[PDB]
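# Summary of structural features
Each chain, written out:
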Protein chains: 4
Amino acid sequence: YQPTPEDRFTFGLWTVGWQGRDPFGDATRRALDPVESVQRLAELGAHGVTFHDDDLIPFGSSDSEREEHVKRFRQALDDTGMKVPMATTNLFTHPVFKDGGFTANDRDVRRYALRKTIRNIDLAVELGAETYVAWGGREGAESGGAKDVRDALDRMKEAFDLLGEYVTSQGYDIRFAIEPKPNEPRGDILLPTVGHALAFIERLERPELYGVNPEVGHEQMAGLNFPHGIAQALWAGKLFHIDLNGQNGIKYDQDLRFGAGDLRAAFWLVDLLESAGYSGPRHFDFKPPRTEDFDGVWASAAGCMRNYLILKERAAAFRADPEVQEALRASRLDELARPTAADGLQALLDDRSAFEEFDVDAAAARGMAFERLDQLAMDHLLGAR
Amino acid sequence: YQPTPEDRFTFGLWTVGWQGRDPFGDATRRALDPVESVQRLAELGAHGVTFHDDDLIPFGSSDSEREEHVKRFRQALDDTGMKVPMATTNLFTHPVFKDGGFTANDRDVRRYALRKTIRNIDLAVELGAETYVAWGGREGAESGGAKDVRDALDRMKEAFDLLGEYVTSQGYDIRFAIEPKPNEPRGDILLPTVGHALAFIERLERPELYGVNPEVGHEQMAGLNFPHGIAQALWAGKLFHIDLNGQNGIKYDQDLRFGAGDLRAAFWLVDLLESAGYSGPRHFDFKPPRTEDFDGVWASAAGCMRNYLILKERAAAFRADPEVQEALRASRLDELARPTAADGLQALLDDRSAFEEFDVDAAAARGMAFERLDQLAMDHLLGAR
Amino acid sequence: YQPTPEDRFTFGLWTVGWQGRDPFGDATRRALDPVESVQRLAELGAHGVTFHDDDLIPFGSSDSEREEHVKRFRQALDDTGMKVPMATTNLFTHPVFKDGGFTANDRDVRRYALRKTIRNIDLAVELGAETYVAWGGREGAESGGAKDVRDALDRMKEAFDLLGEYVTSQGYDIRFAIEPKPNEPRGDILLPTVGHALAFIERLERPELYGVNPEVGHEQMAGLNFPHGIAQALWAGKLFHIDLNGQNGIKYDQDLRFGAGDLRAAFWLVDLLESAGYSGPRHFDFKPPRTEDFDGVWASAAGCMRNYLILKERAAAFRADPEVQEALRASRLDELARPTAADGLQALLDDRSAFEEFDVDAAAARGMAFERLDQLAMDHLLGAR
Amino acid sequence: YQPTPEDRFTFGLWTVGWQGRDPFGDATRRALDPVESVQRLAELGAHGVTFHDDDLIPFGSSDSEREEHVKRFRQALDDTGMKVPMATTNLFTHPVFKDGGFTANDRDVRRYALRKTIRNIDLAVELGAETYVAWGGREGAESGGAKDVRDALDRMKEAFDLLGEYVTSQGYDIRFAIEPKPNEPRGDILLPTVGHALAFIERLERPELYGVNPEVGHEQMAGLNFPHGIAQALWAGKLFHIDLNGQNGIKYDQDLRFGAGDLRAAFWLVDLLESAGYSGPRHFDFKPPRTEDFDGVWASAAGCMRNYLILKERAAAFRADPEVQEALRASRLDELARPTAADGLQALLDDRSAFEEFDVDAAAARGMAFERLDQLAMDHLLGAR
Ligand SMILES: O=C([O-])[C@@H](O)[C@H](O)CO
Ligand SMILES: O=C([O-])[C@@H](O)[C@H](O)CO
Ligand SMILES: O=C([O-])[C@@H](O)[C@H](O)CO
Ligand SMILES: O=C([O-])[C@@H](O)[C@H](O)CO
Ligand SMILES: [Mn+2]
Ligand SMILES: [Mn+2]
Ligand SMILES: [Mn+2]
Ligand SMILES: [Mn+2]
């Protein structure tokens, strides 16, 4: 289960770079140089890295330090063959963003948020990114009077429309991916789920520029079925990117390595990405636990990839099993894929077999046979066929 | 705090009619006649009632019993002045619906679900309903292999498009309202939140026929901020109807009377409906606890209305208070309502005050003053100004 | 992975017997005869069954019907070799129990609850049960004023002390096991977790007669770590019995078959029961989903046992792996098992290496190596070593 | 609603002192001097303050800096009349504690944790504290193999027994209060609830030295009823201290000011503390949101006290209302307080009215009248009688 660059595994700088500061504790690990992380991830078999502006260029850098940091970065990419498929903006760490970036009550802050974003879109384009992620982690409230949400959605729409105007005017080939989260660090965050982000996108001036970047642990913080929300994003044509990690139910965001947390959900996710043929990056947004030293960091990054590859194998074996294919027909998955009424509405209304003469007790009596199908899935996951 | 019919308070037949059967216990109360409920609710000050088909007409009724049940109903409405603003279909109780109605794997079931729905749209129109609710409580799964969600959304879209075709062909003035729920009675339900239903509506052939019917307790079962999700529905123009009740956090749907559960959320909800000028029904989808006799039923129904009226008064007092209006300006709610960049994109990019010369430390230092604003809200709710 | 009676797998009558009535739907399956369930479970390899009084003897049975039902039951046990290790009382279904059994506000109800319980303890003893389970599913409240919890604990203590007096006066060899649940069907249930039940037991007159019966899905409805709570019960010497099932996070009790739900938790549970040498029944308190026909019932019951046996094998392989044993030492699990200060308090206080001369930066720098250990556990679970 | 020192309101140094660093953002406020906080809280009407060792004395302070910090502190207390009723140890911030203090896998760490604790017990005694709090926020795990919980409880018991030996040998008048939390910052924390801490205390060598310090938001992070868990602590005689704050359901610990979060729970809590006559400190463990400047800090601290006093008034009015007293009798709260069977076991068994002749249908038919009682409580809370 060895990754290669063709598996499209990517990692944020901030993930293996996390120093282990939590709301209750100091850093447990020294800061990593981005060029060290690029080299180490390349050796583990990753395909590329991603970044916040402030991960790569220290906040407040002069134009001469900026160019130096970028030059060193670019030399590490050249030396390793690593790519940069995605980039994003930090609109959450600096105190100026304490009430949000694009929906901060202070208008001057909202203008600054857009300027900081636009500067990094130029850099992302230069480094070859295809996807620009937006996680509005500070957009929201701890109290009901602090935020008018209708006004706040107006401001959010305004920001993303200006960003779409910018990209089209520059002729850039870059699309946006909005990342939902229900809470943390705000009491409640705006566009808290995949469904809310999809809905929002349909009100933008150019909807085709925008999709979603869902994260495993974010949807699970609302107790939601992550493979179901991804299915809906896939159905809408809007899965531009994805963030992979693990989460043990409804609590703070744990950012565990991928395959930890809800292991059956992880299985069904890989089953779906692979059978839909998702072709974007498999990006890990995770944190090596602060218990770990740098050896435990690279072990944790490597287990992300390993668990993806093991679950790919098991899901492929599942779908390829003739016994499973028979069980799928036993459960009428083939009938779910057929139109309900391709005959059309009038034929439906004239069909006595659909109502007047429908035997509802014989239909009610048919078993769905889902438990046998689910134990086949369990046997396949566990390698116990 | 006496309701009148002009407050637009409505109740489902199934709410005061709930016999108290739960997954662990038998009924504790005898079945109510719909005409008794109509009379009793009228005396309490309600404006109207709503129904599932099977609430009003016993499942399997002959065309002659059907007409009898409708005739008696209609006489009670005439005798009381009660209206019927909304109706809906039961696609969840009968065993035939054990795998869903519109997304049941069995195609014959899906055709039957549509026929049963269409029959009751005709009746709803006859009784004057303006809104037709669809809660797909059986659409979903307990296991990952049982349901392909992309196929299932295809089937769901197909069903609602056929219903839109029906209504337009009949020339009916009726709109649809999809009611989300995240789980229960299915392991996971399709379109689990307001955001997922809004998003889904944008893929229908005629989106303007469809809005949402959110329920307090449903969104709270995902730990979500109900007033935030309603704000988003209002922003999209899609709040066609609403279901009011109470819920104590993430557990089974409790259906407590409105104002129980999360009381501050209830306050902020009423604040928002009243200040947005929502004009639809204030419908209660609640269950008098099975501890109660018929006296406790009507006491519980009456407290729904009472708590709405008390919170309306307190929210109105809050917004009218000059001290609050000053606090709102202190917190820059006035600035949230102003465009970020009406000057447009090029002016933004040339504005040195937005970036080059923006003093981010002075901006970071400004307090938001949200805690003083939130304690004013608390003092107003509690009548402690 | 074939069970035999020596695996000590047991099932409630109510589990494979569940007709599929839920708060939103009618039964989907006909009632099973207890003697049919005994025969079917025997053929699948189970060791025994358990019962509520009202599962075996229809509520209101005459003394002559009672004896008939028991006689038929007893013939099926004799014909199959099945045992009855545990029994319990239904104090939740009948409407008289709507406010509880042992903590009902009505004193006459509380006396009736005890009489109904005592009658079934005699029967349990006759059928050979060693453990008497008490799940007070109706003990609790939907509202704060309805229940004084101090008085209610007085009443609960009183009930269990009278039951301990009864058993000792009869000379029975039977112990009690209290089953916690946090909510459902009450808004909140008294003794909501393992910890609350353990604590409560220490105030009874004869604490040694009482232990706990934890259920997987119950603790998970509070978002708690089930193997951690079982460890604590084992540490206290109070794991008298256990209920096995699956649960997908914080929602209604799903009662999924064992191994569904949280699969890694299931792994760590089996690891702990087997390495502590728990020797009681492995009892399944589950419900075949109402999607299923009788074939899906027996498939679901069989997957309970199968998943237990697969996880036993994987956990045994994990602990036996020399590479794992090395990793456990790398992570200092050996040091956790050593006394902190067997040298005693004064030696601790005089030890300059414990404070004055303790190098806290060198200690802070040591990695715990937990991620490598956790990926070994993952590889072992998935059969990917 | 003005507090005075006789209300026994206390605050941690770390609460108004929180600089606003969160897992995603830098500090938004400068560090406060402890002597400034003492002066400011005194002016607001507080009775005293509490501290971690490291709040008062910077970690690594020399014996000469230590004495200086203590001397200045003590002068502020003398100048204001503020007391120090409780103190505690920081065993969570420094990286050495990344795997715990008293249950760290490294034995040398566990010895250091005890030495650091003992040093601050001496200081607490000198400053007059009566209660010593222990929150083991780092005791737990992110993965199943990292922590044997039986060994870990052995180590936890060992630590608290050595601390009990120390206090008794010094002749100190100080008791311990264990503070539960279910998760955060560890994946799962040991003794996750009130019930688990109560149970644990019963295995210590001297149980009478130990009680609990529950926190509102901690129990609510498990979805539990906080007034119910406090009732159980009161029933056991173990409420030594309490931490007051607000929490909006199951997510990260929000630490909102008291009365925010679940307002009805806050009402029922104050009702219970006041009617049980709890006489310990009313301590606020809260964080002014990082949106706030120092003015919003003191406004937030003041609203803690204000909301307590308003809810005290409303709960007192509730219990004093003759209409409520009648409703309480209607709901049979008077009967809950009477023994079930003071007549004893044999009389119970011979009582034909308890079983043979018990009319279970007439008993089942009685309403509990809880909804009318709960609306009286609602009217009283809202000042709408
Ligand atoms: O999820 C988060 O928390 C971030 O890493 C987000 O993906 C990018 O800002
Ligand atoms: O919410 C539910 O559970 C139903 O009352 C729905 O509003 C209509 O079918
Ligand atoms: O858990 C439940 O819900 C019951 O089966 C309990 O174990 C026995 O009454
Ligand atoms: O609750 C926490 O998080 C701490 O303030 C605890 O009360 C004392 O260490
Ligand atoms: Mn992310
Ligand atoms: Mn509803
Ligand atoms: Mn159980
Ligand atoms: Mn605390």
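What counts and how
Residues numbered from 1 in each chain as written, not as in the entry; some residues may be left out. Chains lettered and ligands numbered in written order. Heavy atoms only, no water. Axes fitted to C-alpha atoms, helices over the stretch in contact; angles between N-to-C directions. Helix = DSSP H or I, 4+ residues; strand = E, 2+ residues; numbered from the N terminus. Parallel < 35°, antiparallel > 145°, perpendicular 65-115°, else oblique. Left-handed = near helix turned anticlockwise from the far one by under 90°. Contact = heavy atoms within 4.5 Å. Nonpolar A, V, L, I, M, F, W, Y, C, P; charged D, E, K, R; others polar. Pairing = 2+ DSSP bridges. Near = heavy atom within 4 Å. Polar contact = N/O pair within 3.5 Å; in protein donor to acceptor, adjacent residues only side chain to side chain. Areas by Shrake-Rupley, 256 points an atom, 1.4 Å probe, with all protein chains shown as cover. Buried area = accessible area lost by both parts, 1.4 Å probe. Salt bridge = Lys/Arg side-chain N within 4 Å of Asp/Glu carboxyl O. Expected span 1.5 Å × (residues − 1). UniProt positions renumbered as here; feature names shortened; annotations may be inferred. Least-squares fit on C-alpha atoms. Buried < 20%, exposed > 50% of the residue type's maximum accessible area, 1.4 Å probe, protein only. Donors = N, O, S within 2.8 Å, 3.2 Å for Na, K, Ca; no water. Tetrahedral: all angles 85-135°; square planar, octahedral: opposite > 155°, others 65-115°. 1 Å grid on protein atoms, 1.4 Å probe; cavity = no way out; pocket = protein on both sides within 12 Å on 5 of 7 lines; lining within 4 Å. Points joined across faces, edges and corners; volume = space filled by probe spheres on them.

Method of determination, as annotated in the archive: X-ray crystallography, at 1.7 Å resolution.

We now examine the packing of helix α11 (residues 294–320) of chain B against helix α16 (residues 370–382) of chain B. The relative placement of two packed helices is expressed as an angle between their axes plus a distance between the axes. Residue and element names in this part refer to chain B. Orientation of α11 relative to α16, taken along the N-to-C sense of each, is 140°, at an axis distance of 8 Å. One element, α11, and the other, α16, form an angle in the oblique class. As α11 runs across α16, the sense of the crossing is right-handed. On α16, the residues touching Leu311, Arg314, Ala317 and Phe318 of α11 are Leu373, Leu376, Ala377, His380, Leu381 and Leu382. Of the residues contributing to the contact of α11 with α16, the split by class is 8 nonpolar, 1 polar and 1 charged.

Moving on, we come to the sheet that holds strand β6 (residues 175–178) of chain A. Residue and element names in this part refer to chain A. Here 8 strands make up an open sheet; going across it, the order is β8-β6-β4-β3-β2-β1-β10-β9 and the pairing parallel. Looking at strand neighbours, the two that pair on one side only are β8 (210–212) and β9 (243–244), the edges of this open sheet. The sheet contact formed by strand β4 (residues 131–134) and β6 spans 4 bridges and is parallel. Considered in β6, the bridge of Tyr132 is made with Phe176. Strands β6 and β8 of the sheet are contacted by helix α7 (residues 194–201), whose axis makes an angle of about 175° with β8.

Residues and elements named next belong to chain C. Close to ligand 3 lie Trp14, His52, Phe92, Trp135, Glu179, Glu215, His218, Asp243 and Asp285. A distance of 3.1 Å is found between an oxygen atom of ligand 3 and a side-chain nitrogen or oxygen belonging to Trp14. The separation between an oxygen atom of ligand 3 and a polar side-chain atom of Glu179 is 2.4 Å. Considering ligand 3 on its own, with 270 Å² of exposed area, one finds that the protein chains cover 95% of that surface.

Taken together, the contacts link 33 residues of chain A with 33 residues of chain C. With both sides pooled, the region where chain A packs onto chain C buries about 2900 Å², and carbon together with sulfur makes up 50% of that total. Put simply, A:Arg257 and C:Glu371 hold a salt bridge, and the shortest N to O gap is 3.3 Å. There are 22 residue pairs in polar contact connecting chain A and chain C. The element best represented in the side of chain A that touches chain C is helix α16 (residues 370–382) of chain A, accounting for 8 residues. Here the residues of the side of chain A that touches chain C sort into 14 nonpolar, 10 polar and 9 charged.

All names here are of chain D. The environment of ligand 4 is made up of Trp14, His52, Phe92, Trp135, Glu179, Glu215, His218, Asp243 and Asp285. Here an oxygen atom of ligand 4 sits 3.1 Å away from a polar atom, N or O, in the side chain of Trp14. Protein contacts shield 95% of the accessible area of ligand 4, which totals 270 Å² for the unbound molecule. Considering only residue class, the shell around ligand 4 consists of 3 nonpolar, 2 polar and 4 charged.

Okay, the interface of chain A and chain B next. Each partner contributes to the interface: chain A provides 98 residues, whereas chain B provides 98 residues. Carbon and sulfur atoms supply 61% of the area buried between chain A and chain B, which totals about 9200 Å² over both sides. Sorting the residues of chain A by area buried against chain B places A:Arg115, A:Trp235 and A:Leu336 first, and these three jointly supply 10% of that buried surface. B:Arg203 is the partner of A:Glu202 in a salt bridge, and the nearest nitrogen-oxygen pair spans 3.0 Å. For the side of chain A that touches chain B, the element with the highest residue contribution is helix α6 (residues 149–169) of chain A, accounting for 13 residues.

Once that is clear, we can look at α11(B). Structural remark: α-helix, 3.6 residues per turn; residues separated by three or four positions point the same way. In this model α11(B) runs 40 Å from its N-terminal to its C-terminal C-alpha over 27 residues, within 8% of the 39 Å that 1.5 Å per residue would give. Among the residues of α11(B), the N-terminal cap falls to B:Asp293, whose side-chain oxygen and the backbone nitrogen of B:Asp295 are separated by 3.1 Å.

Take the UniProt feature "binding site: Mg(2+) 2" in chain A next. All names here are of chain A. UniProt's entry tags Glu215, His218, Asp253 and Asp255 with the feature "binding site: Mg(2+) 2", counted in the numbering of this structure. Taken together, the annotated residues stretch across 41 residues yet fold into one region, lying no more than 10.5 Å apart by C-alpha. Counting through the fold element by element, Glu215 comes out in the loop between β8 and α8 (216–220). Residues in contact with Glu215, not counting those within four places in the same chain, are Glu179, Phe226, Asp243, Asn245, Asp253, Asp255 and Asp285. Residue position: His218 is located in helix α8.

A separate point is the relation of the copies chain A and chain B. By a simple turn and slide, chain A fits onto chain B: the slide is 0.0 Å along the axis, the RMSD is 0.0 Å, and the turn is 180°. Look at the turn and shift together and you get a two-fold axis relating the two. Of the residues that chain A buries at the interface, 100% are likewise interface residues in chain B, meaning the two copies contact each other through the same surface.

Once chain A has been moved 0.0 Å along the axis and rotated by 180°, it coincides with chain C to within an RMSD of 0.0 Å. The fraction of interface residues of chain A whose copies in chain C are also interface residues reaches 100%, indicating that both copies meet through the same surface.

All names here are of chain B. Burial along strand β1 (residues 9–12) is two-sided: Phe9 and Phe11 and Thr10 and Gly12, pointing in opposite directions, are all buried. As paired strands, β1 and strand β10 (residues 282–284) are joined by 3 bridges and run parallel to one another. Considered in β10, the bridge of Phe9 is made with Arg282. Alignment of β1 against strand β2 (residues 48–52), held across 3 bridges, turns out to be parallel.

Residue and element names in this part refer to chain B. Taken together, the 8 strands give an open sheet; going across it, the order is β8-β6-β4-β3-β2-β1-β10-β9, and neighbouring strands pair in parallel fashion. Both outer strands of the open sheet, β8 (210–212) and β9 (243–244), are each paired with one neighbouring strand and no more. Against the sheet, helix α5 (residues 107–126) engages β2, β3 (83–88), β4 (131–134) and β6 (175–178), with an angle of about 150° to β4.

For the rest of this paragraph, the subject is helix α2 (residues 34–44) of chain D. Residue and element names in this part refer to chain D. Those residues of α2 not exposed but buried are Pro34, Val35, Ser37, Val38, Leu41 and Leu44. Buried residues along α2 sit against β1 (9–12), α1 (13–16), β2 (48–52), α3 (53–56), α4 (63–80) and α11 (294–320). Of the residues that open α2, the one with a side-chain oxygen 2.9 Å from the backbone nitrogen of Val35 is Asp33. At the C-terminal side of α2, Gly45 shows a positive phi close to 110°.

Of note, the bond from A:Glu184 into A:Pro185 is cis; its omega dihedral lies within 30 degrees of zero at 15°. Along the chain, A:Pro185 turns up in the loop between β6 and β7 (188–189). A positive phi angle, close to 55°, is found at C:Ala369, a residue other than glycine. Residue position: C:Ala369 is located in the loop between α15 (360–365) and α16 (370–382). Since its relative accessible area comes to 29%, C:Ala369 is described here as partly exposed. One non-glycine residue, D:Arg8, lies in positive phi territory at about 65°.

So, on to the coordination of the manganese ion (ligand 7). Tetrahedral coordination by four donors sets the ideal angle at the metal to 109.5 degrees; octahedral coordination by six donors sets it to 90 or 180 degrees. Surrounding the manganese ion (ligand 7) are the protein donor atoms C:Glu179 (OE), C:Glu215 (OE), C:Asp243 (OD) and C:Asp285 (OD), at 2.2 to 2.3 Å. Bound by 6 donor atoms, the manganese ion (ligand 7) shows angles of 79 to 171° at the metal and therefore octahedral coordination geometry.

Before going further, it helps to examine empty space enclosed by the protein. When its volume is computed, the largest cavity comes out at roughly 720 Å³. Considering the residues around the largest cavity, the lining is formed by 41 residues, among which B:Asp22, B:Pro23, B:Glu184, C:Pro23 and C:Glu184 are closest to the centre. For the lining of the largest cavity, the class distribution of residues is 15 nonpolar, 4 polar and 22 charged.

A few words now on the UniProt feature "active site" in chain A. Residue and element names in this part refer to chain A. Feature annotation in UniProt assigns "active site" to the following positions: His52 and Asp55. Locating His52 in the fold gives a position in strand β2 (residues 48–52). Apart from the residues lying within four places of it in its own chain, the contact partners of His52 are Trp14, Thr88, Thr89, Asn90 and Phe92. Within the fold, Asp55 resides in helix α3 (residues 53–56).

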